[PDB]
Structure formats: structure tokens, C-alpha cells
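Engineer: There's a structure below that I have some questions on.
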Amino acid sequence: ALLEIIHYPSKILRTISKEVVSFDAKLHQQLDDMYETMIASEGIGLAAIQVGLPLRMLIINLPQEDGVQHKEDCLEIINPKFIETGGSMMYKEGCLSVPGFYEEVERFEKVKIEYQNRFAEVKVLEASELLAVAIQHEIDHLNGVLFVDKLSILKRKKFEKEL
Ligand SMILES: [Co+2]
């Protein structure tokens with residue numbers, strides 16, 4: 001089923017999500033709805049609080065060569081945690097919770113996270129470029145952080161203007 005996406009400046013987006021403990025059918029339905037909702041709004045990433053669920057879980061499905069997304073490449077990241085971080089780069093970002101606005105944000109160029117899939121199976125993932133960016137962006141959501149929070153003084157004004 002489709003879920004309503006929460007938009008800035010809702011305080012719901014400032015919520016600190018909690019660790020997932022029950023990896024059951026209810027959690028799986030939430031993840032399915034999150035995927036259905038993400039694709040319907042044409043997003044590549046989506047955190048649980050973006051649909052009102054204060055759970056530490058997010059999904060990322062980057063489009064490949066053909067430019068299309070394939071449900072098979074969809075990552076379901078739960079209870080994520082950074083093992084290592086490195087580098088620095090500027091990346092222009094967008095967000096389903098901040099429709100219409102895009103701005104450059106400083107991100108680590110390389111990251112390594114540990115997490116669990118929907119079956120509670122521990123996973124380790126190294127990422128760079130777009131995937132590394134999506135991971136950092138989505139994880140920020142779990143901690144109540146939006147990318148417009150990471151804008152420089154100059155760009156933060158450009159945001160308040162386009163508002
Ligand atoms: Co976002």
C-alpha cells in the first residue's frame with residue numbers, strides 16, 4: 001500500500017528513530033510499503049521516519065546502466081552503523097521530504113557500514129560515490145537530520161529564498 005510521505009518543516013522529521021528488534025512479517029510489510037511508496041514518488045532512497053515510522057531502517061535502490069531501477073538491487077538497511085569513514089566531497093542532493101530543492105552537501109567520499117537485512121542477517125557494506133552519499137543521507141534521517149541542515153551559510157540562504 002502507498003504511505004504518505006512527510007515533508008519539511010514537519011517536526012516528525014526531527015525524531016530520533018529506534019533500533020529494530022522484531023524482524024517479522026509486520027516489519028516486512030512496512031519495508032514493502034516503503035518501497036512501493038518510494039517508487040511511486042520516484043525516489044532512490046527513503047528512511048522510515050519519512051513515512052512516520054520512527055524505526056532505524058531505510059531503503060536504497062539506485063538505477064543502473066539502463067537507467068532503470070530493479071527491485072533486486074534494492075538495499076534494506078536496518079540498525080545501520082558506520083565502521084569506517086573517509087575522504088570528503090561535495091554532492092548535490094535532493095530529498096522526497098524536501099521536494100523541489102537541490103543543493104550541494106559535503107559528504108564522506110567513502111564509507112563502510114554494518115547492518116542487518118530484513119531477516120536479521122548481519123551485513124557489511126563498503127560504498128563510494130552515489131551509494132555512499134545515499135547511505136549517509138538516509139542514515140542522517142534516522143537521527144533527525146535533513147540535508148538542508150548541512151548547508152553552508154550561503155546555500156542556506158538560497159534555500160530560504162526558494163521557500
Ligand atoms: Co531524504
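For the C-alpha cells, the naming scheme is as follows: chains receive sequential letters (A, B, ...) according to their order of presentation, residues are indexed from 1 within each chain, and ligands are indexed from 1 in presentation order.
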Applying 12 Å and only C-alpha atoms, which residues near segment 60-67 of chain A remain after dropping the ones on its own chain fewer than 3 positions away? List them as a PyMOL selection string.
Structural biologist: chain A and resi 31+34-36+38-39+42-48+57+70-78+129-139
Engineer: Hey, could you make a per-residue contact list for segment 136-160 of chain A against segment 11-15 of chain A with 10 Å as the cut-off, showing the nearest pair of atoms and its distance in Å to one decimal, counting only C-alpha atoms, sorted by chain and number, as a Markdown table?
Structural biologist:
| residue | atom | partner | partner_atom | distance |
| --- | --- | --- | --- | --- |
| A:141 | CA | A:13 | CA | 7.2 |
| A:142 | CA | A:15 | CA | 7.6 |
| A:143 | CA | A:15 | CA | 6.8 |
| A:144 | CA | A:14 | CA | 3.9 |
| A:145 | CA | A:14 | CA | 6.5 |
| A:146 | CA | A:13 | CA | 7.8 |
Engineer: Export N, CA, C and O atoms of the chosen residues as a PDB file, in the first residue's frame?
Structural biologist:
ATOM      1  N   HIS A 141      18.681  10.789   8.338  1.00  0.00           N
ATOM      2  CA  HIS A 141      17.250  10.800   8.638  1.00  0.00           C
ATOM      3  C   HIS A 141      16.937  10.071   9.938  1.00  0.00           C
ATOM      4  O   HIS A 141      16.084  10.508  10.708  1.00  0.00           O
ATOM      5  N   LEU A 142      17.623   8.955  10.175  1.00  0.00           N
ATOM      6  CA  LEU A 142      17.395   8.167  11.383  1.00  0.00           C
ATOM      7  C   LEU A 142      17.721   8.959  12.636  1.00  0.00           C
ATOM      8  O   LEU A 142      17.212   8.660  13.715  1.00  0.00           O
ATOM      9  N   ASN A 143      18.570   9.970  12.486  1.00  0.00           N
ATOM     10  CA  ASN A 143      18.972  10.795  13.615  1.00  0.00           C
ATOM     11  C   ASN A 143      18.297  12.157  13.598  1.00  0.00           C
ATOM     12  O   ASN A 143      18.725  13.080  14.293  1.00  0.00           O
ATOM     13  N   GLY A 144      17.247  12.274  12.792  1.00  0.00           N
ATOM     14  CA  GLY A 144      16.508  13.518  12.709  1.00  0.00           C
ATOM     15  C   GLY A 144      17.209  14.639  11.971  1.00  0.00           C
ATOM     16  O   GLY A 144      16.915  15.807  12.207  1.00  0.00           O
ATOM     17  N   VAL A 145      18.118  14.290  11.069  1.00  0.00           N
ATOM     18  CA  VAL A 145      18.861  15.286  10.298  1.00  0.00           C
ATOM     19  C   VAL A 145      18.445  15.303   8.824  1.00  0.00           C
ATOM     20  O   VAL A 145      18.263  14.247   8.208  1.00  0.00           O
ATOM     21  N   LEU A 146      18.288  16.510   8.276  1.00  0.00           N
ATOM     22  CA  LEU A 146      17.915  16.718   6.875  1.00  0.00           C
ATOM     23  C   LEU A 146      19.123  17.329   6.179  1.00  0.00           C
ATOM     24  O   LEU A 146      19.931  17.994   6.828  1.00  0.00           O
TER      25      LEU A 146
END
Engineer: Using only C-alpha atoms, what does the table of segment 34-97 of chain A residues within 10 Å of segment 102-124 of chain A look like, with each row giving the shortest atom pair and its distance in Å to one decimal, sorted by chain and ascending number, as a tab-separated table?
Structural biologist:
residue	atom	partner	partner_atom	distance
A:57	CA	A:116	CA	9.2
A:75	CA	A:117	CA	8.1
A:76	CA	A:117	CA	5.8
A:77	CA	A:117	CA	6.0
A:78	CA	A:116	CA	5.1
A:79	CA	A:115	CA	5.5
A:80	CA	A:115	CA	4.3
A:81	CA	A:114	CA	5.3
A:82	CA	A:113	CA	4.3
A:83	CA	A:113	CA	5.2
A:84	CA	A:112	CA	5.1
A:85	CA	A:111	CA	4.6
A:86	CA	A:110	CA	5.2
A:87	CA	A:109	CA	5.0
A:88	CA	A:108	CA	4.5
A:89	CA	A:107	CA	5.4
A:90	CA	A:106	CA	4.5
A:91	CA	A:104	CA	4.9
A:92	CA	A:104	CA	3.8
A:93	CA	A:102	CA	5.3
A:94	CA	A:102	CA	4.8
A:95	CA	A:102	CA	7.9
Engineer: Restrict the selected residues to N, CA, C and O atoms and save them as a CSV table (one decimal), in the first residue's frame.
Structural biologist:
chain,number,residue,atom,x,y,z
A,57,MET,N,15.6,2.1,10.0
A,57,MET,CA,15.6,1.3,8.8
A,57,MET,C,15.4,2.2,7.6
A,57,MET,O,14.7,3.2,7.6
A,75,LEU,N,18.5,-2.2,-1.5
A,75,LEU,CA,19.1,-2.5,-0.2
A,75,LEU,C,18.1,-2.1,0.9
A,75,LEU,O,17.5,-1.0,0.9
A,76,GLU,N,17.9,-3.0,1.9
A,76,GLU,CA,17.1,-2.8,3.0
A,76,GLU,C,18.1,-2.7,4.2
A,76,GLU,O,18.5,-3.8,4.7
A,77,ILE,N,18.4,-1.5,4.6
A,77,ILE,CA,19.4,-1.3,5.7
A,77,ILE,C,18.7,-1.0,7.0
A,77,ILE,O,18.0,0.0,7.2
A,78,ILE,N,18.9,-1.9,8.0
A,78,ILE,CA,18.3,-1.8,9.3
A,78,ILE,C,19.4,-1.8,10.4
A,78,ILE,O,20.4,-2.5,10.4
A,79,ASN,N,19.1,-1.0,11.4
A,79,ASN,CA,20.1,-0.8,12.5
A,79,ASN,C,21.5,-0.6,12.0
A,79,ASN,O,22.4,-1.2,12.5
A,80,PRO,N,21.6,0.3,11.0
A,80,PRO,CA,23.0,0.5,10.4
A,80,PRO,C,23.9,1.2,11.4
A,80,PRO,O,23.5,1.8,12.4
A,81,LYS,N,25.2,1.1,11.2
A,81,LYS,CA,26.2,1.7,12.0
A,81,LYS,C,27.5,1.8,11.2
A,81,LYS,O,27.9,0.9,10.4
A,82,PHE,N,28.2,3.0,11.2
A,82,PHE,CA,29.4,3.2,10.5
A,82,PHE,C,30.6,2.5,11.1
A,82,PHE,O,30.8,2.6,12.3
A,83,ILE,N,31.3,1.7,10.3
A,83,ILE,CA,32.5,1.1,10.8
A,83,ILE,C,33.7,2.0,10.6
A,83,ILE,O,34.6,2.2,11.4
A,84,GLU,N,33.8,2.5,9.3
A,84,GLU,CA,34.8,3.4,9.0
A,84,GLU,C,34.3,4.5,8.0
A,84,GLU,O,33.3,4.3,7.3
A,85,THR,N,35.0,5.6,8.0
A,85,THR,CA,34.7,6.7,7.1
A,85,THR,C,35.9,7.4,6.6
A,85,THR,O,37.0,7.4,7.3
A,86,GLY,N,35.8,8.0,5.4
A,86,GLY,CA,37.0,8.6,4.8
A,86,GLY,C,36.7,9.5,3.7
A,86,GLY,O,35.7,9.5,3.0
A,87,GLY,N,37.7,10.4,3.4
A,87,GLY,CA,37.6,11.4,2.3
A,87,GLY,C,36.6,12.5,2.6
A,87,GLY,O,36.1,12.7,3.6
A,88,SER,N,36.4,13.3,1.5
A,88,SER,CA,35.4,14.4,1.6
A,88,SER,C,35.1,14.8,0.1
A,88,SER,O,36.0,14.9,-0.7
A,89,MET,N,33.8,15.1,-0.1
A,89,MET,CA,33.4,15.6,-1.4
A,89,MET,C,32.1,16.3,-1.3
A,89,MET,O,31.4,16.2,-0.3
A,90,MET,N,31.8,17.1,-2.4
A,90,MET,CA,30.6,17.9,-2.4
A,90,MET,C,29.7,17.1,-3.4
A,90,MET,O,30.2,16.6,-4.4
A,91,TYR,N,28.4,17.0,-3.0
A,91,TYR,CA,27.5,16.2,-3.9
A,91,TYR,C,26.1,16.9,-3.8
A,91,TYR,O,25.7,17.3,-2.7
A,92,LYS,N,25.6,17.2,-5.0
A,92,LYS,CA,24.3,17.9,-5.0
A,92,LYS,C,23.2,16.9,-4.6
A,92,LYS,O,23.1,15.8,-5.2
A,93,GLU,N,22.4,17.2,-3.6
A,93,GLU,CA,21.4,16.2,-3.2
A,93,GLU,C,19.9,16.7,-3.2
A,93,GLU,O,19.7,17.9,-3.3
A,94,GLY,N,19.0,15.8,-3.2
A,94,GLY,CA,17.6,16.1,-3.2
A,94,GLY,C,17.0,15.2,-2.1
A,94,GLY,O,17.8,14.5,-1.4
A,95,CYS,N,15.7,15.3,-1.9
A,95,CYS,CA,15.1,14.5,-0.8
A,95,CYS,C,13.6,14.5,-1.0
A,95,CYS,O,13.0,15.6,-1.2
Engineer: Which residues in chain A does DSSP call helix (DSSP H, G or I)? List them as a ChimeraX atom specification.
Structural biologist: /A:11-14,25-40,48-51,71-73,129-142,147-150,153-161
Engineer: Enumerate as number ranges by chain all residues of segment 29-108 of chain A assigned to strand (DSSP E) by DSSP on the backbone, naming them with the chain letters and numbers the document uses.
Structural biologist: A: 45-47, 57-60, 75-86, 89-93, 103-107
Engineer: Generate the output file for the selected residues, C-alpha atoms, as a CSV table (one decimal), in the first residue's frame.
Structural biologist:
chain,number,residue,atom,x,y,z
A,45,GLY,CA,16.2,6.5,-1.1
A,46,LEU,CA,13.7,6.5,1.8
A,47,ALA,CA,14.0,6.4,5.6
A,57,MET,CA,15.6,1.3,8.8
A,58,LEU,CA,15.9,2.7,5.3
A,59,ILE,CA,16.0,1.5,1.7
A,60,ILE,CA,18.1,2.5,-1.3
A,75,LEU,CA,19.1,-2.5,-0.2
A,76,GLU,CA,17.1,-2.8,3.0
A,77,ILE,CA,19.4,-1.3,5.7
A,78,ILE,CA,18.3,-1.8,9.3
A,79,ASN,CA,20.1,-0.8,12.5
A,80,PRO,CA,23.0,0.5,10.4
A,81,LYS,CA,26.2,1.7,12.0
A,82,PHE,CA,29.4,3.2,10.5
A,83,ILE,CA,32.5,1.1,10.8
A,84,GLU,CA,34.8,3.4,9.0
A,85,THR,CA,34.7,6.7,7.1
A,86,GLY,CA,37.0,8.6,4.8
A,89,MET,CA,33.4,15.6,-1.4
A,90,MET,CA,30.6,17.9,-2.4
A,91,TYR,CA,27.5,16.2,-3.9
A,92,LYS,CA,24.3,17.9,-5.0
A,93,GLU,CA,21.4,16.2,-3.2
A,103,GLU,CA,21.9,21.7,-3.1
A,104,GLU,CA,25.5,20.6,-2.7
A,105,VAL,CA,26.3,19.0,0.7
A,106,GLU,CA,29.7,17.9,2.0
A,107,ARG,CA,29.9,14.1,2.4
